[PDB]
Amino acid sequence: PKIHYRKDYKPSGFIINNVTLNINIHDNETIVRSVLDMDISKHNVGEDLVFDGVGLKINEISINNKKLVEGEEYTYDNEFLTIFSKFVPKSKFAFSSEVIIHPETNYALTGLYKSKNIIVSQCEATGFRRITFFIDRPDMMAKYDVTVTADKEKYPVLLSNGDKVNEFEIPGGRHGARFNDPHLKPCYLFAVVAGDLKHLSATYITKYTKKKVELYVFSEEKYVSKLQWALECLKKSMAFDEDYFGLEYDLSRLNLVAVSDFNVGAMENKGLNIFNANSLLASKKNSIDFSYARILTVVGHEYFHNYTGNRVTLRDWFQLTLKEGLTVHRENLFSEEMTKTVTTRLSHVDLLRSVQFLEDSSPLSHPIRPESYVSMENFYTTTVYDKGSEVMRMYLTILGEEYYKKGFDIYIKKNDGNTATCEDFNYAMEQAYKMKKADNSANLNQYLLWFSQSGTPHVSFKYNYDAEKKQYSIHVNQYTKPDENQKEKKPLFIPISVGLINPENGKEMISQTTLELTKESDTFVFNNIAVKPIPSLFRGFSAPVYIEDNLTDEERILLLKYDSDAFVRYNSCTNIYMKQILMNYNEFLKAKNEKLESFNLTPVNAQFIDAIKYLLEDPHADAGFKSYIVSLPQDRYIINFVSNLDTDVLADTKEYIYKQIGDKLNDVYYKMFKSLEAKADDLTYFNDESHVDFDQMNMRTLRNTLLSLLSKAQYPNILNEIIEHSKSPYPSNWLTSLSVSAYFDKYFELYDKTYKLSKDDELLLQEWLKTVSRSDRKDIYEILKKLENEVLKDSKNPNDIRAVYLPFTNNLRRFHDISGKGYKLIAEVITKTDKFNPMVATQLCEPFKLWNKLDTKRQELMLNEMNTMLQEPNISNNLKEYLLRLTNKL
């Protein structure tokens, strides 16, 4: 394969200053005429001029009006257009091409493609080269003048980046629109849209300069009623960047556009943000609760890129975390502020510790700044986004608010209108650090290891209390396991937010403080500590690490009950569960392996169960937080602690633990499920798409969690509750009634009922597909066949494909069937999908990431399927790279 290395970065021998496009859309072809106003850089050594250009049909090539001819002045191999250096001018020149492309047959959804009846582009990372010739890398910044033409009846709305400067009629029922984007940009931020779109709009006045900005949100006509919440979230995003960071929008107009067929969630094209419809569109009667948080996050995120990615862009793709980690962090600040619920932070931690930690101990492990790639699209990873975001957040922890804002300002001001690197950001933070320490010899050189070193650190603790001196010490050790990226790992700069809880009264004993661990180990001593404390460690999840608290379960229960920090309470609970899961897992495993006729299981700690009940009944604990305490740790979290994991032994373990707790708490669960009803399902705001009560939504989450526990338990007469729940006007409730009905005969009637409620809204039908896919049914394989034949059919919509298959891959007992049939099913879908959409095919490989953590029969079965996929003729470079890396071949 063809490998790009970070260390090999060099500036181009060329400059592209201006790009002038005409995109002429017809039914069976799109003609793209492009003039590049180019020049020779100071790095030029008389080399050939080589453009990226993939799958393009050439009509004509010229330089300065001289026609160039294939085989004589240029060569084109379907990937690269080479202009021989003899025909490359030595000063400013104009390069003209005209090519033909075919959005209508573009099912990979990269470059220019048709989604239903909308023509749309996706250019990040390397899709601009599928539209026209370019030096398609983010340091080649240029200004763009873009004209689009199309049939007027079919494509009445024409959009590109920036100010619309002309609109005109064209003979034969066509029309055109011209755009000028005055901000220098890389080609990955180009976008065009043509469709029969409807919109909502509002005017926003900026806080500091009072500039009038026109805000437009667009969709197909059928779903214009689903646009309001996105618009409100855009307003909130703008306000937040103005209020927290002092950053105002920089164009007269910002368009957001929903399309049905999209590979990811959204894209930050300057002034023209394009979204998966599932991440822009919602209505309270036709969307599950989670859509509202999703839209808030995705709108905010793409908005925040306007500075962190757009106004300050990437020198090269290896710097990807500089925009993505930083923008995830910005959005996390925003969402925490908007929702005001601890579940926002917990959900982000839950994701990191399950999905990202699994990736970081897999053969796919990479640092947040990768050293190499074949397809850059494979490095849009939880490591780069989510571990990146935690690395970006640690600066805030280390500096505090005041100095963090100063360092961010240095960064944004210095590099505005330009490219940047991770080093530039660290340099800006280092300036704030020197100010904060009042010391110009302080530096953040060590901090750079968070960019270059892979793997999750392990942080462990020992404690000592001297009652005569009233003095308490916390001894801390850090360790990162060697891996294929570094055979020798170094200590990181690890900020450890801490408090100290008096176990006797449950109260705080110190002002919150942050320990700065910079060595392999260190001892932190506290004086005037009146009694032996229970330490509250990594408050707020203050670094992206495995925490080994060395606490007893009795200490953990006390933190769960009385600590102030939501993360530490949740983590304490998590650790109690993990101790139990490992112990019972080992017990079941020994019984299976030794073929024992009888054996013991360690019961769940009864004091822990009492502590669960106490929290559940506390009316001033967050309902969202409660739903995390009654749920066991995610399977992908648990697997990081087990080698050679037998998935059926784990499933048996989880079932035991849940049954143990339910046997004690099911009446409490039922009583809470009924007592929460009035507030949970209150219809305040049901017609208001500009206000969302996130607390109320967490109450519904908790009811629906409780109902699932009670259903699995076959609690007496719970079927009546499930039937009544199916009558709720909230989709979150009536779809939960379908999942929870899995344990009863009524499942297929609920399946039909909810199908009928879902089938006329494309996005709600996809939520119904997911609900079916993740149903706890012994007959799930037959149900998947039914969905394939009756609903999915031949769809190439990535949302449909993901909905049918991915939730199912989280069915521990069924997807991991020892026959290997679950691995064969998903492998066939991956290979199928790879023939038209390589990015989606790689997304579908997710469940294989943990292959080398499984018992050796399952490792063999997964491996067999991965190697079979790898043997497929014409496998994409995306899929081939992914699979070779995942299987220790690359």
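In this text, residue numbers run from 1 along the sequence as written. By rigid core we mean the largest C-alpha set that fits within 1.5 Å across both forms.
A.B. asks: After fitting on the rigid core, which stretch moves more in 4 other deposited structures of this protein, 659 to 667 or 614 to 622, going by C-alpha RMS?
C.D. replies: The more displaced stretch in 4 other deposited structures of this protein turns out to be 614 to 622.
A.B. asks: On mean Cα temperature factor in this entry, is 592 to 600 or 605 to 613 the higher one?
C.D. replies: Comparing 592 to 600 with 605 to 613, the higher average CA B-factor belongs to 592 to 600.
A.B. asks: Where do the C-alpha atoms have the higher mean temperature factor in this entry, in 334 to 342 or in 314 to 322?
C.D. replies: The stretch with the larger average C-alpha B-factor is 334 to 342.
A.B. asks: Of the options 458, 329, 436, 185, which has the highest CA B factor as deposited?
C.D. replies: The listed residue with the largest C-alpha B-factor is 436.
A.B. asks: Highest Cα temperature factor in the entry, among the options 462, 369, 778, 481: which one is it?
C.D. replies: Spelled out: the listed residue with the top C-alpha B-factor is 778.
A.B. asks: Taking the C-alpha B-factors as the PDB entry records them, is residue 265 in the lowest, middle or highest third of its chain?
C.D. replies: According to the entry, residue 265 has a C-alpha B-factor in the chain's middle third.
A.B. asks: Sort the modelled residues of this chain by their C-alpha B factor and say whether residue 744 lands in the lowest, middle or highest third.
C.D. replies: Highest third, going by the recorded CA B-factors of the chain.
A.B. asks: Give the position of residue 34 by CA B-factor within its chain, expressed as the lowest, middle or highest third.
C.D. replies: Its C-alpha B-factor belongs to the lowest third of this chain's values.
A.B. asks: Sort the modelled residues of this chain by their C-alpha B factor and say whether residue 546 lands in the lowest, middle or highest third.
C.D. replies: It belongs to the lowest third of the chain when residues are ordered by C-alpha B-factor.
A.B. asks: Comparing residue 87 with the other modelled residues of its chain, is its CA B-factor in the lowest, middle or highest third?
C.D. replies: For residue 87, the deposited C-alpha B-factor lands in the highest third.
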